[PDB]
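Report on one structure; see the data block that follows.
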Amino acid sequence: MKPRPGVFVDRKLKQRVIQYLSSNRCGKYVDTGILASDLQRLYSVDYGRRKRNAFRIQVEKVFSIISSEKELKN
């Protein structure tokens with residue numbers, strides 16, 4: 001078994017997203033479904049997998065959590 005890198009379940013989705021929003025809007029009013037398709041498009045080699053539905057859910061929950069957990073307000 002491998003140790004704990006730092007990301008659990010799908011922390012990258014949150015960390016990656018928060019970093020994308022902070023750096024820039026990364027789109028005009030990117031919603032859950034929009035951010036998901038965008039995140040996968042830019043990271044088709046990494047995120048781009050055979051989980052369109054699963055990935056969509058992750059981005060949906062990550063979008064709501066990043067706002068409530070981090071709270072950037074723009």
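Chain labels follow the order of the structure tokens: the first chain is A, the next B, and so on; residue numbering restarts at 1 in every chain, and ligands are counted from 1 in their shown order.
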Worksheet item: Excluding same-chain residues fewer than 4 positions from segment 17-33 of chain A, what lies within 12 Å of it counting only C-alpha atoms, as a PyMOL selection string?
Response: chain A and resi 10-13+37-40+42-43+52-74
Discussion item. Please extract the residues of chain A with a backbone DSSP assignment of alpha helix (DSSP H) and present them as number ranges by chain.
Written reply: A: 11-23, 32-42, 52-65
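From atom CA of residue 2 of chain A back to atom CA of residue 41 of chain A, the distance works out to 29.4 Å.
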